[PDB]
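Single-structure report; data block below.
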Amino acid sequence: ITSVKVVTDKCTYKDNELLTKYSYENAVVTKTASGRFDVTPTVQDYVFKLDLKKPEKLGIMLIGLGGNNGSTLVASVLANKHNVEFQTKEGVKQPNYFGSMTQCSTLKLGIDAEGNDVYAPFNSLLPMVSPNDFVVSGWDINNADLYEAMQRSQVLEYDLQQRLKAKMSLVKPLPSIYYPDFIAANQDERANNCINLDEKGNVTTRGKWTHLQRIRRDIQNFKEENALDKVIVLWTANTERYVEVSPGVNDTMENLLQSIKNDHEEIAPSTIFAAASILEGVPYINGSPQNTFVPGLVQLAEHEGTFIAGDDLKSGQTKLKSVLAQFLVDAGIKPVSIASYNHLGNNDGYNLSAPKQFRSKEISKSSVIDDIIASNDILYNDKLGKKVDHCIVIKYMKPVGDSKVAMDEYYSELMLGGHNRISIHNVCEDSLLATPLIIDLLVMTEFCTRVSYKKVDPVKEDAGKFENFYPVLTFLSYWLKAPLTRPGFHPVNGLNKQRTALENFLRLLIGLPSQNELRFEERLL
Amino acid sequence: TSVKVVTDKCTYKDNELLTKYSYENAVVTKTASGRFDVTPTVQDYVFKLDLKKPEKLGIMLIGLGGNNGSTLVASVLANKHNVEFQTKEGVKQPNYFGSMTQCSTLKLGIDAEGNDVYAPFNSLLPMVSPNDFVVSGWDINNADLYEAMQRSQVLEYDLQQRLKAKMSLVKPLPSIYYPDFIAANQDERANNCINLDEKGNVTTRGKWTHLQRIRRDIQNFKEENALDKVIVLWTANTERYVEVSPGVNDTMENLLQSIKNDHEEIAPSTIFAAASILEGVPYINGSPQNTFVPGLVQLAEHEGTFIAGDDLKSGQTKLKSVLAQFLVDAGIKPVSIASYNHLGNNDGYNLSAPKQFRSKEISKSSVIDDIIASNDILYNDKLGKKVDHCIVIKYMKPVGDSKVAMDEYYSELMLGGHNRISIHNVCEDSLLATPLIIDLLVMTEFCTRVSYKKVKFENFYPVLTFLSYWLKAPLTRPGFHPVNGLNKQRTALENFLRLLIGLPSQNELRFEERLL
Amino acid sequence: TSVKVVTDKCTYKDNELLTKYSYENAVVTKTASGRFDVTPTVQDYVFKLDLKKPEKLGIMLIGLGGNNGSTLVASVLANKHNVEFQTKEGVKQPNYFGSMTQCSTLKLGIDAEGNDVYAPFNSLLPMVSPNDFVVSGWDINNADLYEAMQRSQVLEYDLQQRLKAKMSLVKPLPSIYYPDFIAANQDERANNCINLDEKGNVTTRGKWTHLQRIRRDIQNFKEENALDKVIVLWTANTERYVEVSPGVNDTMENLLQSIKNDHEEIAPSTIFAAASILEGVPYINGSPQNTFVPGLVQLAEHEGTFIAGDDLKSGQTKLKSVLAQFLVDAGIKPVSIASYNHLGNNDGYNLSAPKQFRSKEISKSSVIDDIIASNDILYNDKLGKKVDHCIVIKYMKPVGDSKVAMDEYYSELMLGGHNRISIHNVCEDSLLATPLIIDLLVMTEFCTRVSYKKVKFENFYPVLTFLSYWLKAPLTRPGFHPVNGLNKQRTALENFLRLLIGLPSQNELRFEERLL
Ligand SMILES: NC(=O)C1=CN([C@@H]2O[C@H](COP(=O)(O)OP(=O)(O)OC[C@H]3O[C@@H](n4cnc5c(N)ncnc54)[C@H](O)[C@@H]3O)[C@@H](O)[C@H]2O)C=CC1
Ligand SMILES: NC(=O)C1=CN([C@@H]2O[C@H](COP(=O)(O)OP(=O)(O)OC[C@H]3O[C@@H](n4cnc5c(N)ncnc54)[C@H](O)[C@@H]3O)[C@@H](O)[C@H]2O)C=CC1
Ligand SMILES: NC(=O)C1=CN([C@@H]2O[C@H](COP(=O)(O)OP(=O)(O)OC[C@H]3O[C@@H](n4cnc5c(N)ncnc54)[C@H](O)[C@@H]3O)[C@@H](O)[C@H]2O)C=CC1
């Protein structure tokens with residue numbers, strides 16, 4: 001077991017609790033007509049409290065448990081927890097969590113006697129739950145057990161599936177809520193495990209409040225059946241179409257709850273799952289692009305004080321885009337055309353073949369560069385043009401299966417009429433890329449539930465009381481395509497900035513300042 | 001555009017900015033039990049920035065008549081005189097796209113809504129504009145810069161014609177040509193050399209006299225143009241490496257004596273670097289040869305003059321310093337990185353020779369070493385700690401200056417999976433490199449106006465590692481390992497500019513949004 | 001499936017097919033005035049096809065324990081015994097996909113509607129099935145074929161396990177290992193050699209005795225398995241070239257004497273080819289070394305035994321023999337063709353050495369020479385008659401047998417335009433090569449049953465150029481230039497099979513549709 005111990009008077013320990021002092025500095029800016037930027041530095045001191053006692057087991061409930069990602073997630077936990085080595089044509093392989101930033105990345109803690117960097121595991125600075133301690137269950141409109149799910153997904157090595165057969169065969173998804181109009185029509189045949197059935201045993205959208213109550217109870221039941229104290233819910237089911245947001249329906253917490261009781265057509269299954277989780281005080285993460293978090297739902301989360309986050313896992317093509325586009329603009333290069341094509345042959349692609357479902361994904365993938373473009377008016381302005389042509393395409397091509405093929409072209413302008421053209425072919429084994437990110441989201445969300453803080457009054461010791469994070473956990477942005485935000489705030493999509501935020505947060509909790517890369521030990525005499 | 005920070009850390013006195021800064025870091029030790037003991041450190045400083053920048057900055061390029069050299073002069077003239085030009089896409093206005101100092105922005109803070117407010121990179125503190133560069137230099141070929149532009153085939157025909165009158169006036173000074181240091185196929189190109197014998201033939205004898213002539217050229221350039229500040233940058237053919245031998249080029253004293261002795265380990269770049277250091281003018285190496293031997297670093301340390309470089313990081317390697325870092329930071333394990341390149345300009349022609357290619361193979365290959373050493377979860381004895389990496393550069397005349405980079409990043413994912421990223425990158429080499437040369441010059445000049453003291457003012461340690469963002473193989477201070485990640489390199493520069501104006505490091509914590 | 005043509009050109013007599021054929025061609029001369037004078041020629045023949053094919057065909061592979069050798073045996077066993085196997089995509093049935101003789105079709109004519117009717121390539125005339133191959137061979141490494149499969153990492157794990165019992169029974173015969181002909185890194189792999197001295201150390205002395213042993217191995221293989229027909233194919237490490245010297249390997253007589261003299265220009269492949277020719281068994285070279293020196297071609301001509309080869313044309317080069325031809329046939333002018341490759345199998349490991357790589361550089365580079373020489377409108381002194389072409393092969397262990405080919409075809413269009421085709425081709429080398437080895441064996445056996453006479457029957461000229469479709473650098477008859485275009489190579493085979501059954505050449509005129 002690796003650990004970190006910082007010698008600092010900013011941190012004090014007491015009864016499994018870590019209390020850390022931190023001075024947060026930032027600055028407010030105004031721009032004069034003359035083109036002058038007036039910068040006024042701001043400061044706010046805090047005391048962060050971290051409950052060091054992490055749960056021995058963490059309950060995980062996945063909506064879409066029997067899908068490619070859901071089944072692969074369960075397989076990865078079982079394989080790593082029980083060290084299930086498996087056979088491949090390249091020999092015996094040992095399970096690992098590669099692709100997971102929380103489990104397989106490192107962070108610089110400082111320098112050695114020679115002035116060179118010393119790194120430690122991301123999850124070694126402070127106590128975090130291990131995916132090996134995840135107790136997983138969930139719902140799926142299809143009743144196939146998880147062994148059948150692995151067979152169906154065609155994601156994992158045959159021998160590994162066989163070694164996991166006995167255990168996975170026993171994991172069966174709980175019945176779920178299936179409202180036909182929210183996902184592709186071609187999914188009809190797949191639905192045979194539903195709770196919303198009428199007297200004649202037929203799927204119905206009537207009684208949405210009852211469906212909501214069933215989900216809340218499902219959570220309570222799962223918790224007690226596993227003698228668990230903490231649970232997190234994550235949506236990893238078919239991408240739904242967007243719902244319309246209209247006054248009097250889902251614009252406020254009050255209207256939202258009433259609309260559910262009224263079986264309103266703007267209430268999707270994800271809307272119900274999110275509402276149920278929020279009401280149970282269980283963090284809810286949206287791994288898909290539909291606009292689940294309508295204003296009325298955000299309001300509900302704010303009122304209940306329950307964490308919510310998400311909107312589409314940022315796993316491959318978009319993850320790279322949030323790195324490349326940022327790099328080009330940061331370098332003073334001007335992207336003017338970004339074409340992104342994708343073809344895959346799994347059920348995700350099958351569902352996305354329907355225009356309404358595709359639309360949701362089109363928006364999340366296209367929006368990732370908006371803030372980057374708006375950050376540079378030297379390159380993007382009225383005189384030179386402030387637009388970047390951007391197209392997103394997703395086609396269902398059964399033969400490639402889960403190995404989604406992303407083909408992109410980044411065409412940029414250089415000085416004096418020149419250009420730079422970067423063409424990419426990226427083979428994305430979607431579930432293997434996504435599963436570790438789902439793991440990261442769960443690990444980081446749990447960590448955040450143990451953090452509280454209070455503003456410090458410079459002239460009054462121990463003033464105010466501890467509070468939890470604002471409900472929308474933007475700290476999870478690294479893993480999501482279209483970061484949900486607090487009203488009024490714009491999202492920041494740059495991958496490196498998103499990781500830096502997490503890095504500096506873990507650092508401040510153990511008494512360390514932000515990474516500055518100034519390296520004065522080397523640059524100054 | 002300007003920036004004014006309300007802070008008591010900064011005080012202005014006689015066109016001089018004095019800024020207080022507390023530098024924090026931490027020293028780490030790891031125990032056998034796997035425990036990291038971190039001890040924070042702190043050191044207060046007072047930085048002084050001479051706000052009086054030169055109205056005109058002298059630039060002397062070695063390899064002035066080459067693709068990059070001629071494009072540099074054209075870019076300065078085109079932008080300075082607003083030379084719009086015709087293209088099949090219509091009339092275009094000149095700009096400095098591709099330049100990080102001229103065309104990128106930095107976040108200064110947030111607005112009343114809590115959202116980011118950005119300002120130009122060169123607006124936080126006064127920096128010299130490339131429009132005010134006065135350029136001269138050397139080249140073993142005497143073609144004037146208009147003829148050089150024609151030869152390079154880099155710029156739009158109409159732009160070349162509109163710049164003809166002005167570019168025809170610029171002619172490279174003769175240089176030092178030691179045949180064995182560059183490709184043999186460059187012989188017919190050399191017709192502008194100072195190192196000639198009684199019969200008028202190129203000679204490697206009299207290297208000290210060659211050094212004195214370069215010093216004279218620098219002195220004359222300053223006097224002719226009434227310039228007080230000059231910077232020299234090597235943008236000439238990539239040279240083969242020289243051997244570092246005890247008693248030859250290991251010390252400042254031995255180095256100078258070796259030059260006087262016409263030692264075979266003294267390359268033309270060695271002489272240009274020595275001459276620049278002796279004239280007190282910063283010297284930047286835009287090529288991969290190991291110009292900065294120990295004796296030269298010593299000389300720079302002794303004279304207190306800036307040196308930096310070793311290969312412009314412009315295209316394939318720049319992207320690699322971003323992608324490889326991204327993958328490892330994400331917990332993904334690259335295991336194979338194949339990088340191929342073909343180009344048809346003189347750079348490629350020179351690089352077609354083994355000894356010259358070798359220099360470039362090293363700079364492009366080393367960019368990921370630090371990244372791989374930073375993660376022992378992925379890279380260790382049990383799982384393997386190596387990343388197969390190959391660098392290939394082939395001369396293919398038809399593509400000209402538009403170098404084609406083809407790469408494949410093959411990485412391991414969990415449970416036996418893989419990720420394969422294949423790339424085809426068309427790099428208009430000179431248009432990518434020119435703005436970087438500009439950045440290096442602008443940033444170097446800025447650094448010469450910075451001094452500091454712990455709390456007598458002193459200048460930066462001679463090796464300007466702050467310029468790493470623009471170089472493939474960052475030269476480092478003895479004992480120190482280079483850091484190649486592009487984003488970290490830009491972050492270093494960003495936080496430096498920020499602290500000079502009293503702002504702390506960017507932290508991205510955004511507590512205004514994340515906390516109640 | 002079978003084919004029966006109603007024709008008076010064919011007559012059957014004692015399991016023998018006799019076919020009349022009038023071969024037309026034309027001789028051309030060009031005048032200074034630019035006039036092409038064409039004189040048609042005609043020669044009637046009577047071809048005889050022995051319809052009695054062997055029930056079992058002996059196959060002896062040099063390099064039997066390698067990636068291709070072990071995959072070949074696995075493919076034969078899997079298909080012969082219908083060994084279905086599990087994969088993450090479900091149960092799959094074995095097949096010979098990638099084999100032109102087993103899985104491609106040929107147009108026999110049109111139906112009543114005037115539309116094409118196709119039949120299997122191997123259904124026009126009786127050909128041996130790979131299912132009836134009896135395989136043995138040699139390898140400098142003694143691992144049995146199951147262990148060889150494990151080592152190669154080519155086949156699905158479950159298939160390997162289902163074939164374990166049968167593959168474990170196959171073990172390569174010891175071979176001839178002359179260290180200087182292949183990469184030095186192959187030393188530790190050699191533990192199965194016949195050429196050992198008194199101390200039991202590998203030796204290059206006694207080459208004639210090595211030759212006699214190979215002949216014995218062939219004779220024994222035939223006797224042990226009661227086989228009357230055997231074919232030998234080289235699928236071992238690529239060797240470096242040998243020098244062709246007068247008095248050494250220029251003639252049949254000098255060649256044999258050089259072997260007896262243990263001459264340094266006698267490679268292991270030279271000995272295997274000589275031994276095969278002397279035993280009257282066809283010999284196919286699946287590698288690029290220049291095995292067929294003049295003296296060996298002479299020997300084959302004298303003995304009247306078939307020889308062919310020089311590098312399997314399986315992936316990057318196969319596609320090139322299609323794309324380069326397509327562009328030039330279209331009036332488009334390729335000016336730059338860059339071809340890069342990286343792989344991590346033993347083939348790549350061996351090719352990492354310069355001398356071995358050189359052999360492959362030549363075979364892959366020559367495939368476009370004839371194409372470029374065929375069009376003097378595009379390629380001439382005024383416009384330039386060269387196409388820059390580079391071939392690169394790098395060893396990158398992580399990709400294993402899945403070789404990655406990255407190419408760029410840059411061509412000129414009218415009025416200064418260009419076309420740029422960039423490709424990333426993942427080549428599972430053994431799965432691409434194995435069916436080609438099968439095709440070469442099937443087609444070679446077929447050719448041994450063909451004789452003809454102008455109108456005593458004679459066999460084909462020793463060098464079987466009809467096999468060019470499967471080889472990169474077609475060996476040719478003295479004075480004759482090779483033709484590398486894939487489509488023309490398949491057309492040659494197609495029309496040969498057609499004429500044997502009384503059908504004329506495919507003409508694609510389709511007058512049934514084009515004319516009233
Ligand atoms: N795999 C990746 O790399 C990425 C995936 N995503 C999203 O994650 C989601 C899951 O992807 P996959 O596992 O590949 O898809 P999938 O189609 O294999 O699995 C989704 C599962 O959800 C179940 N389902 C559908 N509606 C449901 C409901 N109302 N309640 C309960 N179960 C329901 C389906 O029966 C299916 O088993 C999709 O929305 C996809 O767009 C987002 C970004 C990246
Ligand atoms: N363009 C790019 O993107 C990058 C270029 N570089 C390097 O920058 C250098 C310049 O590149 P290009 O302008 O394309 O090449 P180039 O060959 O067109 O120009 C170099 C010039 O140097 C001159 N020269 C050679 N030896 C000399 C000497 N001893 N003294 C004075 N002049 C001399 C040559 O006559 C030529 O005009 C090369 O070493 C190249 O490898 C490094 C990284 C990237
Ligand atoms: N796989 C492909 O797509 C193509 C392969 N080739 C050539 O086919 C050959 C075989 O390829 P692989 O099976 O992949 O290589 P490999 O290295 O796996 O197999 C070659 C085998 O030859 C054996 N060997 C070496 N020298 C020998 C000797 N003197 N006598 C007997 N055995 C000897 C080695 O021990 C090894 O098992 C190579 O020369 C390769 O360049 C040519 C064109 C395409």
Side-chain angles (χ1 to χ4, degrees), chain A residues 1-4 69 72-73 75-81 83-85 93-109 117-134 313-316 319-320 323 428-447 476 478-479 495-496 498-500 502-503 506, chain B residues 34 36 323-337 368 370-387 409-419 421 485, chain C residues 398:
Chain A
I1 298 298
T2 62
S3 58
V4 180
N69 293 173
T72 302
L73 181 289
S76 72
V77 173
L78 289 173
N80 284 95
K81 182 185 184 304
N83 303 300
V84 183
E85 61 182 3
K93 303 284 184 54
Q94 300 304 311
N96 59 221
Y97 285 116
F98 286 8
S100 167
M101 194 271 268
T102 66
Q103 307 300 300
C104 298
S105 78
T106 58
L107 300 170
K108 173 183 175 180
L109 292 179
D117 301 351
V118 176
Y119 288 73
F122 181 96
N123 69 350
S124 72
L125 280 62
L126 292 172
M128 295 177 162
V129 177
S130 166
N132 294 322
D133 289 314
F134 285 0
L313 300 181
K314 182 161 63 166
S315 60
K319 191 173 189 156
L320 179 55
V323 169
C428 301
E429 302 185 353
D430 265 6
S431 282
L432 296 180
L433 281 169
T435 296
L437 305 184
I438 286 174
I439 290 174
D440 289 337
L441 286 162
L442 300 170
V443 170
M444 283 309 301
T445 294
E446 188 287 322
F447 182 78
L476 304 182
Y478 175 94
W479 297 283
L495 194 75
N496 292 309
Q498 299 171 328
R499 182 162 190 275
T500 289
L502 288 162
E503 178 179 10
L506 294 181
Chain B
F36 289 97
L323 296 184
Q325 189 72 249
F326 147 53
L327 297 172
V328 176
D329 284 359
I332 291 169
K333 184 182 180 174
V335 289
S336 182
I337 297 180
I368 67 172
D370 58 313
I371 302 178
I372 306 309
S374 72
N375 191 322
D376 64 7
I377 294 173
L378 301 178
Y379 303 100
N380 54 59
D381 296 314
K382 185 180 178 302
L383 308 174
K385 50 187 176 184
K386 176 185 177 183
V387 175
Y409 290 70
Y410 191 57
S411 307
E412 286 180 359
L413 295 182
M414 59 155 57
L415 309 179
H418 296 271
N419 172 244
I421 301 171

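When reading the values below, keep in mind they use all heavy atoms of this one structure, side chains included, and skip hydrogens, waters and symmetry mates. Chain naming here is simple, since letters A, B, ... match the order of the sequence lines and numbering starts at 1 in each.
Looking only at side-chain heavy atoms (C-beta outward), A:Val443 and A:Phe134 come within less than 4.5 Å of each other. Within the 4.5 Å cutoff, the side chain of B:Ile368 has heavy atoms near those of the B:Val387 side chain. Using a 4.5 Å heavy-atom threshold, the side chains of B:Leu415 and A:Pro95 count as touching. Using a 4.5 Å heavy-atom cutoff, the side chains of A:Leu506 and A:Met128 are in contact. Here the side chains of A:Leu502 and A:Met101 are in contact, with some heavy-atom distance below 4.5 Å. Looking at heavy atoms from C-beta onward, B:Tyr410 lies out of side-chain contact with B:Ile337 at the 4.5 angstrom threshold.
With A:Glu429 contributing its side chain and B:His418 its backbone, the two residues share a donor-acceptor pair below 3.5 Å. When atom types are taken as modelled, the side chain of A:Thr72 and the backbone of A:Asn69 share no donor-acceptor pair closer than 3.5 angstrom. In this structure, A:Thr435 contributes its side chain and A:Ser431 its backbone to a donor-acceptor pair below 3.5 Å.
The side-chain hydrogen bond (donor to acceptor under 3.5 Å, both in side chains) search around A:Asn83 returns none, not counting sequence neighbours. Shown here are the ring-ring contact (aromatic ring centres under 6.0 Å, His included) partners of A:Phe122, two or more places apart in sequence or in another chain: there are none. Taking A:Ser100 as the reference, A:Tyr97, A:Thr102, A:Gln103, A:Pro436, A:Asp440 meet the side chain to side chain contact (heavy atoms under 4.5 Å, CB included) condition, with sequence neighbours excluded. For B:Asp370, the salt bridge (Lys or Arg N to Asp or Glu O under 4.0 Å) test picks out no residue, with sequence neighbours left out. For the side chain to side chain contact (heavy atoms under 4.5 Å, CB included) test, residues two or more places apart in sequence or in another chain that qualify with A:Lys93 are A:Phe86, A:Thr88, A:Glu90. Under the rule for a side-chain hydrogen bond (donor to acceptor under 3.5 Å, both in side chains), the partners of A:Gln498 that lie at least two apart in sequence or sit in another chain are A:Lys314. Listed by chain and residue number, A:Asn132, A:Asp133 satisfy the side chain to side chain contact (heavy atoms under 4.5 Å, CB included) test with A:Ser130 (two or more places apart in sequence, or in another chain). For the side-chain hydrogen bond (donor to acceptor under 3.5 Å, both in side chains) test, no residue two or more places apart in sequence or in another chain qualifies with A:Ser76. Taking the salt bridge (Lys or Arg N to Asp or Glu O under 4.0 Å) definition, one finds that A:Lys81 meets it with nothing, sequence neighbours left out. For A:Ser3, the side chain to side chain contact (heavy atoms under 4.5 Å, CB included) partners two or more places apart in sequence, or in a different chain, are B:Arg35. Every residue was checked against the side-chain hydrogen bond (donor to acceptor under 3.5 Å, both in side chains) condition with B:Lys386, not counting sequence neighbours, and none meets it.
Contact between A:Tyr119 and B:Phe36 at its shortest, heavy atoms only, is O-CZ, 3.4 Å. Heavy-atom minimum distance, A:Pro121 versus A:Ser124: O-OG, 2.7 Å. Taking all atoms of both residues into account, the shortest heavy-atom contact from A:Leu441 to A:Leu476 is CD2-CB, 3.8 Å. Closest heavy-atom contact between B:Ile377 and B:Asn375: N-OD1, 2.9 Å. When all heavy atoms are compared, the tightest approach of A:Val77 to A:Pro131 is CG1-O, 3.4 Å.
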Which pairs of donor and acceptor atoms, one on a side chain in residues 323-333 of chain B, lie under 3.5 Å apart (sequence neighbours left out)?
unit_1   : atom_1 : unit_2   : atom_2 : d
B:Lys333 : NZ     : B:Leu378 : O      : 2.7
B:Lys333 : NZ     : B:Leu383 : O      : 3.2
B:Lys333 : NZ     : B:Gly384 : O      : 3.0

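With rounding to the nearest 0.5 angstrom, the CG atom of A:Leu433 is 5.0 Å from the CG atom of B:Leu413. Rounding to the nearest 0.5 Å gives a distance of 9.0 Å between CD of A:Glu503 and CG of A:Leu125. Note: A:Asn96 CG to A:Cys104 SG = 6.0 Å, rounded to the nearest 0.5 Å. To the nearest 0.5 angstrom, A:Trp479 atom CH2 is 12.0 Å from A:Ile439 atom CD1. For the atom pair OH of A:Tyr478 and OG1 of A:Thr500, the computed distance is 11.0 Å after rounding to the nearest 0.5 Å. Atoms CG and CD, on A:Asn80 and A:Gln94 in that order, are 10.0 Å from each other to the nearest 0.5 Å.
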Does the pair A:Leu107 and A:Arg499 meet the rule for a side-chain contact (heavy atoms from CB on, under 4.5 Å), with working shown? CA-CA 10 Å; A:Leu107 300 170; A:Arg499 182 162 190 275; 3.5 Å; yes
- Decide yes or no on side-chain contact (heavy atoms from CB on, under 4.5 Å) for A:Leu495 and A:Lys319, but give the supporting numbers first. CA-CA 7 Å; A:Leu495 194 75; A:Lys319 191 173 189 156; 4.0 Å; yes
